[PDB]
């Protein structure tokens, strides 16, 4: 098995797929054998008469490198290369199905977690990517030089479409760029989506007109079926709605790719929610680390993604991963393999979970203008948050260290900002 | 929190939805507050001015009872109640979105573990469910008073479309009921799906001519996008294929339900692979349990379901759940909740994994006639598999206890059958 | 110019597209400047305000070597590299448009002569390629171990569709694998296509019945309009036709690539004709080389391609390119570069132009079984042709030298074969 | 050969298609016998039993005039007749396949060209022709009395779709009626088509509202495949875009002809780009001269067409062939035949390549008010170039000789125009 | 009335010092000034009219400042925007206002 | 009546020596033999019934002949065919007839 | 060993790259099929050269390809086809 699926002297070709697997093998199995097995399940499973009709070699998965984990015991990293022939072109689903379809179900490993994939350039070009990307997103929105502002309507359930739209209006008009559906809401009896849509669209139109600023609300189109999701997306289009939302991980990667195609062709900005993700990623010792899901998402296509409320190094790592077109390998931020996204646009990172507008200078320093900030809702509050955003943007923009002066900028801003003076009081 | 969401005395409405949570809170947090929080993050999250424009009271996650886990420390079972209005009708995606969207990322829990839901008969009644059901499938296929036989094609990849179909034909003429795609094979460059389907279809036809028993192969249709799935499914149907195969976790639950509708309208049996399910179930402290996935899928619809090779208790519980119309709560076999499905048709379980025909009599003992046994393969081996199956069924019928007599049974069966005798030599 | 485009020490990346340009600078034009200039023409041409809103860096074409031609004067092979990012994915029309769209008209160069291009792997993976490929072709057509036969109906014009079938029928029954339309013959007022379709199809069907071998004709679909070309296409489908034919130089590449997509979707072999080519290729000091077109074609997608009756060395070069997965650089056989195709299936060579079967043992030697042979028309003649082919196949597999021993083989075949005896007697 | 394909005394029928050829034969072959052959392989190729079931003599390509080329040795001009029945109604591709498909490969000619065809009025009719032509295009644009004026958008590649719409805005507000894509731009990954189209569309709407005169940009719809190519045409129509681009050599004829019908059906002007045009007609000894291409285009259809930069006498020849509806046979202009065009509406020629605004008096006295004068870049330069245009138009109209007074008029214009003064300064 | 501008328009009207410091840091990262003007500011309106060239050969913010004097002085009832363009990243990173009627 | 077959069908029925030669050539090019059959011969009917194994550990043609003899002893009224597969090129490379009823 | 190969392997070793070799017959070489060779675990030029020459001699009349490997990155930095059957 090691003799068949451990080739320590092999080095991957640029057209291979490299998968980093963190594993704590079951007692009695040496670590090398365990990495040969891992390589085996996903790239062969396993004799049979049919075996020799084909050239086995071409279609094997090699674990070309095994190391232990620094400062952990019973722990190693496997780095395994994959021939490009193994997967259908442009299909995230198939990739996942081959790599992690059954290796997870194996017995010898006590716990396994997929760490990162290095999708070969060639394989990246088979996925259209984010429907618009950051740059096209900025151009369509015509907003520049500051991280975006997003808020969620509360409570998550009970509001009338007319009242819900009320809330959305107050949130936008107070000076938030963006509003969002809650991931849960698709057609609940209390709110059916089409009346939701017509209300909230008219609210964004009126906030547009009054502001003179392009406004955006994330309309969910996660739907029980493909055809349903097509209708909601269509009906978002027809109302001039500049953005929608989907819950990829629940609904599907194939549906998400579908949405990617539709929106790309229809020029529609896409936001992606990140429901369920903790079911897979929460545990550092098993499952899949979220950076994989991020890279798979951007291969599938999406212009936004929840990046969490914030390990900060691994944040920066995979956030870069899903912005910068080229990343170098580095283990302090977690990055396992150098990846080239072939000029492909990156995705906007979205910060949520009580962004605590007194922490907003922290986030602005962390992430840069290429990032979206989400509050987790009255017009003064949204004004205050926007003021602060702008005030901190100016301060870094004249050269000020945001970190150390964030409070000083807030007080300055609140001097000339009543609403922000009151929000600071809070 | 507890003052509003913990209701230890509340009794749940038939029209509520109940979720089972095993969980370990972080040190310091009391269990009650932990369950209260669990419930909150699933329902309402957290005040705003819009809160009290609804009857706030109406739309809770009501954590209404708790216990510690016997023989474990800091691990407690929570049951939470959910009004029916929380959810859209017919949307598997939505139910999973709210149950587990974000609660798994809630910090104060050490670990969280979704184990069961009891879908109210009303909420059941809106899903289409399996396209045909067990009985209607058996009526279609004519296969009676026994489980069905499946062999997966090996090696998983490499084989030419022509060879792949050659192997199909071998396996089918030897007497297997079915043959399946590897979940991975969708369009790999060395096999274009269309040529594969043509090969397979012509092979089944000619085997069915030979044999005079309904033959079909589980053709995978998982595709990068919805349109590609619909095309492949159209094609499949144009050849008279009786069944297809789909990978609902990887592809998703929306795309799955689409396919289940289309099949219901197109007469086409549906097979479900559970690839990746390990990523969600394997660990015993975190994740969503395979039984829940089974609920959610049979609500969605599918005629087969992998269920493992075979804790035997859990296996026997959730296969009965997915088979029978009414089951009763049994903590020993894992069935927390008493569920009724209002006569909605069942699904056939599937067991695979190199299933060691020596152990098959155990498998018939465990599972009963309405099941499918898949094997991970030449014509003689399939004939040996079939004769052993038929002998075993005959023996069970007669009265010989399968557990104590299986070896002997295989003795007598092999004495007159050479292919079985050779297989048993192995 | 030369200060920038000419980057002698520049190492090509795996992600660049490489082109070989034989060119004759006007007298007084230095070679180096000529190569810079050719690199600019096809990369950027030439400052205006907008020039510095872009990083010119990333998007220059780079001439990294010049050489003088051995045994020729004032002529120099140029090699230029391009970044991948200049190219829309999956557009051969864009390939051509950028390489050759303006360079040819450049006034500093007495003659410009494209020779060779290298496609990087990633840009490969963006095209579909041939609808089925060699092996899937052979699998659908169920013939093996031999190259195929083709005859062209004559006279090209005036045969009534009934007559024209009648000729088709005699050709096929005498033992040709294929008949073919002629590039010109599309719906002439004397031959409307519909009726031609109907009669030829029925003639294949009845020949297949009589002979019991899979017969096919090459049905032209080149049409004035995309939609015409379609309707022709489907109606060839409805008759079960296994293969069609398209002239793509005259029609272009975008229509051809559509047609390859259609056919890949519908299971239909796509023969290629290769008319208007000597307008480009025949001349040796100016134009585009047939290997390039053949690359480009097959990237578009096509099952058959003419390569010439047969410089035999250039023939071997491009043939070995358009069939094998990997080929190595050979200036003796005209392959400038080293190419890889990542298991993308190759395309079958076709030879026409009075094959004159007494030279056929030469052709089998040259090309091998993976090839097709066009005859430039009665049932005995076709029989004789086929008998010779089979005899030579047999002899070659017997280890007897084809070259030396052709005449002896052909005698021994004729002794027992009156219809080959007569054919040789001509 | 001669005795059947040489008819010196044959006066062509009105309905005949005539194709003039320039050829240099091999040593040994007399000119007449080369002429009989050239005739031959284009129509009949070469005997077979299917021969006497046909009227050969009817569909024979008859060579009825051979002359030597004056002042040249080993060169001669051939005229060959080809019955109208010889090509498919309204199919450009098929005529080029027939006339020029393999005749370039006939070994007995050292070099050949197609120099002209006479498209007979009856064969003229069938082709849909330009979507709009000159007079309707002028109508649709409301412009008369002067030729239109364009700039090319530079740099050819590297912009962001927002920047490319900026540039376009500045060129249109400059005083150019029109702007254009670069032919090397359809979907480049850094800047996608849908962003481009939206941007440029916005930019024109802004220009029109700013000036109140028809403003527009030649947008590029050339695609990998027909289907996306319709989709581009549709999207462009959706934005009120006046006119688009095509590359009729890289995507071929049936593509442009599709677009010609589609445009005529859609009221959206068409441009034709000539990428690769130097590949065919460039040399003085071989290929096809460019007016054939132009004429074929006029048949197929396009509003616009590049004519280069500017020999002269032939220039005017084919310019006239593509504007007037009867041009007398004129050798010295390279008009070999008289072309009754049936009232077929003419094409607006497009002159480009750094049009050197100083030289417009000669340009447009060459090309006339019915011409489009496209420039290879800020607002002032374009305004100056409109100045100069209007000055020269007035000066001719009131009676002034441009060829001699171009400097005088230009200066006089520049006296009141500081922008044309700054332009003559450079 | 409440019409607002996309970046910084929640802060006080940019004083000469503030604009100068914006430009200064813009140039610290290689951004060269742009100036465009419009009589309106509509959120749908991406494009404005260009100020007779972009100042690609910037060395001090003061030149752009006196440029904006003059843009005022000829279009003093029209809106004035400044921008910068990342030709490396191919991203526009600044767009904000300096003049209102 | 006139029924033909794919490869070599227009040659005289192969002699054992000729079949050996062809098998020999297969061996030296490494294409292990596959023997397959069907009581009828239909061109549409792509597949045939394989003769209980493909002989990968083939060293001599005489084993493949002896296999063929066993098949005709059991199915002498059935067409018999031998195939060669190139596991490296992933292509069927041989297919011709050895027996007819 | 040829001089040009010698000068390549010197350049590779100077930089600190490791050396590896892969072998394949004419049919696998057609299909980009390569197999691992005996590992060259030595940084000294002389010992490397000797083991390469021994590996060439091992696989007479088969395609041999020489490569440059960066241990730290574990990625390939050079491709070179050193030997051919003829």
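As written, the chain order gives the labels A, B, C, D, E, F and G, with residue 1 at the start of each chain.
The working rule: a contact is a pair of C-beta atoms (placed from the backbone, for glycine too) under 8 Å apart; a residue touches a chain by one contact, two chains touch by 3 or more.
Composition by chain, UniProt nomenclature: A, B, C, D = Ribulose bisphosphate carboxylase large chain; E, F = Ribulose bisphosphate carboxylase small subunit.
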Higher number of C-beta pairs in contact (A-F or A-G) found for A-G
Sort the other chains by how far their Cα centres are from that of subunit D and give me the top one.
-> B
Option in A-C, A-B or B-C whose residue-number contact pairs overlap A-D by over half = B-C
So how far apart, in whole Å, are subunit C and subunit D when each is placed at the average of its C-alpha atoms?
-> 29
When centres are defined as mean Cα positions, the distance from subunit C to subunit E in whole Å is 56
Using mean CA coordinates as chain centres, what's the subunit E-subunit F distance in Å?
-> 81
Please compute the C-alpha centroid of subunit C, do the same for subunit F, then give the distance between them in whole Å.
-> 33
Tell me, which residues of subunit E touch at least two other chains?
-> 46, 53, 85, 90-92
Could you check subunit G for residues that touch two or more other chains and list them?
-> 28, 30-31, 33
Junction residues of subunit A - those touching two or more other chains = 14, 49, 53-55, 58, 85, 89, 135, 139, 342-343
What does subunit E use to touch subunit D in their complex?
-> 45-47, 49-50, 52-53, 85, 90-92
In their shared complex, subunit D is touched by residues of subunit A numbered 132, 135-136, 139-140, 264-265, 267, 342-344
In the complex formed with subunit G, which residues of subunit F make contact?
-> 30, 86, 88-89
Provide the residue numbers of subunit F that touch subunit A in the complex, in ascending order.
-> 32, 53-54, 56, 85, 87-88, 90
In the complex, subunit E touches subunit A at residues 2-12, 18, 21-22, 24-25, 28, 41-44, 46, 83, 90-96
